[PDB]
A.B. asks: 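Structure below; questions to follow.
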Amino acid sequence: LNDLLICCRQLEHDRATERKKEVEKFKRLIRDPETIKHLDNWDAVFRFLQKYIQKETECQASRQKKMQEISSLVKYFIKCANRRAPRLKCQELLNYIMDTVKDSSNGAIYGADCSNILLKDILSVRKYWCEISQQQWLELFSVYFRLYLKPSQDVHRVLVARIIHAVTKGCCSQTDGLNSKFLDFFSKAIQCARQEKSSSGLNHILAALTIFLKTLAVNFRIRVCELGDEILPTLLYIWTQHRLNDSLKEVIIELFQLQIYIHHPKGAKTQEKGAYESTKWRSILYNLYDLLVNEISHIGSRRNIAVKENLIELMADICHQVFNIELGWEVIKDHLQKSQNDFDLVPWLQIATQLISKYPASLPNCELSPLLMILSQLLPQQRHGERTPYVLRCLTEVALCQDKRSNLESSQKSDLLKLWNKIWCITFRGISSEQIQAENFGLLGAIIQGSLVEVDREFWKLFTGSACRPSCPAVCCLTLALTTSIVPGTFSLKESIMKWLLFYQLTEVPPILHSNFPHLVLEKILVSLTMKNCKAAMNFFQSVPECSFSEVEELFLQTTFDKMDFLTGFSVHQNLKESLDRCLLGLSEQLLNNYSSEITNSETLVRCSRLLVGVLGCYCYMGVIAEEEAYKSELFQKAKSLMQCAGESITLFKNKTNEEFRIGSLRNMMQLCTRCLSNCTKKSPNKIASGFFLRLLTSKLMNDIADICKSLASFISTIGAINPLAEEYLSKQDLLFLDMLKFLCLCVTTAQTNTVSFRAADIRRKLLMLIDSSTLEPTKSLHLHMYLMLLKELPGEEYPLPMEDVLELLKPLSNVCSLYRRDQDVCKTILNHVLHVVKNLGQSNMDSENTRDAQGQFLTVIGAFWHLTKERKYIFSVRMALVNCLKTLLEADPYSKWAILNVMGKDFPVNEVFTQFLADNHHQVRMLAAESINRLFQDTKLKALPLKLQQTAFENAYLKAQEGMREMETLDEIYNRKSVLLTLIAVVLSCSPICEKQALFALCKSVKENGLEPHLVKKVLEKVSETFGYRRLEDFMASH
């Protein structure tokens, strides 16, 4: 250390001639013992190189070799320093990168080189990705974008654009985001891109622009709307005059799709429905439509003649907005009729398919019939063509759209029935074609479900003999046929179908086991067939209940108040039942006889067990078979043998961990097993089938799975830095290990309901030591994944966990959050996963010493997060997470008996803290608190709260909203603040009849004081009056 520093100082103090060889001496001076003792610093050697560079640059074209040499020298030094861990501080390195490229004295190759190390090291490491401050991000974006705007054009312009893309992503993901005043910079770049033809970095500039609009979509919506009206005409000109680069076209389409989503949130058409309308936008949309109509007739727009999905989706969105120069379905019909080749016909068929699917109301019922003749005419060609699946899909969508309408006339309905009968006749022949099997069965199922064509005796022959193989679309059509029709008795037809479904070749696995099927579909079909009235069982079986920019669009509708979530015993045939039981045991016996310990697949055996427990679950759901006799039934006896045979594969893998080919099979094993279980507590065949599967599992199998869990737990391009929670850090073993652990997690929570052979306590205890402080390493990407999912799956509100388990579960939470404090994405994920603990922490029945310990441990980390959030250290995404988890705290303890967080020695109630977020700086946070404020007026466990508590909660919320109003171009913010206040009042009025009079008076005062929109408030009061039950608004006004 001291000797190295002395040698470096002597070399630095030496003359230039001695420095010629001292550079190599210093480079070779580094050694393994030197780096080991140097770890702490690196700033000392860094500034020695800093002044060495600044001294050398002071003293023609001959210097172009020296500047390249020193650039390589610093590249090697930085790589060696950061090879193991990033000890070097990003701050001083960033400033040097700033000042080496700001000046024009340095060569172009040097700034290009300096940008290379900057991207490959600073922006490729998560540590530097988080520690770069907001001020650094803005200055980092500004200097390189001006360099991009510089008139000099070189090969490095692509690299500079890649820097700009990475900086924009970093600022929009790690900080609060750069100001909207930089939008003029992008406008100038687009204007410059209009003149220049090279467009070297236009792909990254537009992609960075797309990210900025996505991040800046919550606020300044009109400003984004106005800028869209400015750049889109230039983008249309760029598209026409460019060479049509595939990557540039894709990002342009993404920008166009983002603009339409902003202007028309979730397909809004009129201005009063939440859409934004202007003359420039209408002309732009018409001009945008003309370009895409021209572009579809191109070879590169798609051997494959299918137009890309993004084009199809963008096509339907534009058509829906422009449908009412005159435009409509007439041009679509003309194109379909006049198209003689599938090249110019498949795109339009895909266009109509997506428009009908996305917007059922976009197609008038008058044009429904003319489209039906066109589709029928395009169906037959005496053979099978490329357009056939497309014609089948749109016909299915037409049938689905037809079934959703009840205003059709009698004459129109009769014409449609005759047309659909003709459609059914055409599509029935040629069913043997396997290529269009999925589309044909889907069309038949849709027609059968809608009762468009009456079923005939010939259709029932399809599921007989070897006419067709058991497939998912075939079963989906069959279950709809059994639901809306009665099986003819041609004891024979029902028997024949059950042979076809359970046809096993006397070494090929049956297709039902070979291919995955939706849970409890074949089982319900079989049970319904065996009992007296197959139609009745389907109706009763289906009667049971079941367990991006979209969030931004939902925000706009709630902003415009067009969307508001609030204020809104049987008999069985004995012969058929015995026949099915004989077939199930016969199929199972065949599987065991053909089973081998090495070559036979295991997921087929579990699928057979899933089918076997499914029919038993369906049988136990009715009064035909009780649970007690189902346990001793020969089916259940075959069930345990299937798993026991499949259990040895896990046992073998427990010893042969190094095997990799087994991983793919075992990963499929849990996916079947995990989906077998059902955590929902309602009485349903899914719950009964899950209970049978739980009772199947033995004590030997859990220990093998747990032992494999313990064994694998001890093992050891992208624009910017890689998220530590990304799936690319998870290998096959890592992905596998997360799989059965989730299977173990679901087993523990749901096994206690029934009586099982295995002890769930032992698994849970073993799971606790899996995150033991000595063993668990939060810095490891794998170890982070388990603790997050264990925090998500183990807690359960129904039956509280052993309360010593949760404190051990919550023990590493403080350490994990402290290590990942600077990572916004990890903090948001941790907060979203920790809220599941509150459902068990709320119940204070066993209020003991350790009970108050776990509550204190949970409250201090939440209080630290709230304090750190108040210090402006978290992004908006974390702010919802803090709001969301605190909402669960409010739900768990409405009276705040124990939910009191302590910070700097001061106690802050949870209820009082929630009202603070109503005056936040992010528009998305404000309504989420405004929508979730209803927890302060009702128990949410629907009993009301005490009068005094309700009065002070409403008063505190109203004054905070008023404070947010008064702490104020600005029109967007003004409209944003008004929407939150109106949403706050509307929610209070709906959920709090106690404060109905006070809230109404508060709105009345706010009309003249806060300047609320008279039309917006009038619509709200009409809606709540409709919700309450008042026929007219005047009566509900007159009541108060």
Side-chain angles (χ1 to χ4, degrees), residues 217 221 224-225 228-229 232 236 252-296 301 307-336 346-372 374-375 390 393-405 407 548-550 552-557 560 562-563:
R221 164 182 180 185
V224 173
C225 292
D229 293 2
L232 269 69
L236 292 168
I252 281 178
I253 292 185
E254 189 177 0
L255 203 54
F256 286 162
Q257 189 81 49
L258 186 65
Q259 269 300 322
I260 295 145
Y261 281 157
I262 285 162
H263 292 171
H264 307 279
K266 284 192 172 297
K269 275 188 65 70
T270 60
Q271 196 156 317
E272 60 88 20
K273 277 286 269 204
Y276 175 93
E277 294 308 311
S278 66
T279 300
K280 270 155 143 203
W281 170 244
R282 218 64 195 183
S283 167
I284 278 166
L285 184 62
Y286 282 132
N287 290 318
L288 181 55
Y289 169 87
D290 271 336
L291 182 63
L292 271 70
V293 173
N294 195 312
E295 200 265 359
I296 55 159
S301 66
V307 169
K308 296 183 290 294
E309 268 299 322
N310 70 312
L311 288 170
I312 299 298
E313 293 179 353
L314 180 65
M315 187 66 204
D317 294 0
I318 297 168
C319 281
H320 178 64
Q321 292 306 321
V322 306
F323 273 9
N324 283 314
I325 190 167
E326 181 263 352
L327 259 63
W329 280 87
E330 303 290 335
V331 298
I332 295 190
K333 293 188 287 184
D334 286 24
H335 277 92
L336 294 174
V346 164
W348 291 106
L349 286 162
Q350 273 176 303
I351 291 158
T353 302
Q354 179 75 6
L355 195 40
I356 291 179
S357 175
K358 197 167 189 297
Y359 306 103
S362 171
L363 169 71
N365 44 6
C366 69
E367 275 149 359
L368 184 63
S369 191
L371 278 182
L372 213 53
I374 293 165
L375 295 189
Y390 305 99
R393 283 191 210 101
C394 54
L395 274 163
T396 301
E397 294 295 329
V398 168
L400 295 169
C401 182
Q402 183 178 1
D403 192 76
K404 293 187 286 185
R405 297 185 161 167
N407 50 334
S548 181
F549 207 67
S550 296
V552 192
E553 301 173 75
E554 292 179 353
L555 187 89
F556 293 103
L557 277 296
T560 53
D562 301 308
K563 183 178 183 293

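Throughout, numbering of the chain's residues begins at 1 and tracks the sequence.
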A.B. asks: Check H264 against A275 and note the closest heavy-atom contact, atom names and distance.
C.D. replies: ND1-CB, 3.6 Å
A.B. asks: Heavy atoms only: give me the nearest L311-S301 pair and the separation to one decimal.
C.D. replies: CD1-O, 3.5 Å
A.B. asks: Using a 3.5 Å distance criterion without hydrogens, assess whether the side chain of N287 forms a donor-acceptor pair with backbone atoms of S283.
C.D. replies: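 Checked: pair present.
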A.B. asks: Atom CG of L555 and atom NZ of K563: how far apart are they, to the nearest 0.5 Å?
C.D. replies: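 One gets 10.5 Å once the value is rounded to the nearest 0.5 Å.
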A.B. asks: State, with a plain yes or no, whether a side-chain heavy atom of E277 is found less than 4.5 Å away from one of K269.
C.D. replies: no
A.B. asks: Nearest 0.5 angstrom please: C401 SG to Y359 OH, how far?
C.D. replies: 14.0 Å
A.B. asks: Set out, in order, the CA-CA distance, both residues' side-chain angles and the distance that settles side chain to side chain contact (heavy atoms under 4.5 Å, CB included) for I318 and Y286, then state yes or no.
C.D. replies: CA-CA 9 Å; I318 297 168; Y286 282 132; over 6 Å; no
A.B. asks: Would you name the heavy atoms of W329 and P364 that are closest together and state the gap between them?
C.D. replies: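 Nearest pair, atom of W329 first, then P364: CD1-CD, 3.8 Å.
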A.B. asks: So, applying side chain to side chain contact (heavy atoms under 4.5 Å, CB included) with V398, which one of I356, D403, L371 is it?
C.D. replies: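 The option that passes is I356.
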A.B. asks: NE2 of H335 to CG of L349: how many Å apart, nearest 0.5 Å?
C.D. replies: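 With rounding to 0.5 Å, NE2 (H335) is 12.5 Å from CG (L349).
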A.B. asks: Taking all non-hydrogen atoms of both residues into account, name the closest pair between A316 and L355 and its distance.
C.D. replies: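 For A316 and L355, the tightest heavy-atom pair comes out as O-CD1, 3.4 Å.
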A.B. asks: Any non-hydrogen side-chain atom of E330 less than 4.5 Å from a side-chain atom of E367?
C.D. replies: yes
A.B. asks: With a 4.5 Å cut-off on side-chain heavy atoms, are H263 and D229 touching?
C.D. replies: yes
A.B. asks: Do you know which two heavy atoms are closest between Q321 and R282, and how far apart they sit?
C.D. replies: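 Scanning both residues, the minimum pair turns out to be O-NH2, 2.6 Å.
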A.B. asks: Do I262 and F549 make a side-chain contact, defined as non-hydrogen atoms from C-beta onward lying under 4.5 Å apart?
C.D. replies: yes
A.B. asks: Do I284 and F256 make a side-chain contact, defined as non-hydrogen atoms from C-beta onward lying under 4.5 Å apart?
C.D. replies: no
A.B. asks: Once you round to the nearest 0.5 Å, how far does CD1 of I351 lie from SG of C394?
C.D. replies: 12.0 Å
A.B. asks: Do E272 and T560 come close enough that some side-chain heavy atom pair is under 4.5 Å?
C.D. replies: no
A.B. asks: Is the shortest side-chain heavy-atom distance between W281 and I260 below 4.5 Å?
C.D. replies: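 A side-chain contact under 4.5 Å exists here.
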A.B. asks: Of all the heavy-atom pairs spanning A268 and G274, show the shortest one and how long it is.
C.D. replies: CB-C, 4.1 Å
A.B. asks: Hey, what do you get for CH2 (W348) to NZ (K333), rounding to the nearest 0.5 Å?
C.D. replies: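 Rounded to the nearest 0.5 Å, the CH2-NZ separation comes out at 14.0 Å.
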A.B. asks: May I ask you to test the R221-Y276 pair for a side-chain heavy-atom distance under 4.5 Å?
C.D. replies: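 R221 reaches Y276 side chain to side chain.
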A.B. asks: Drop me the distance from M315's CE to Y289's OH, to the nearest 0.5 angstrom.
C.D. replies: 5.0 Å
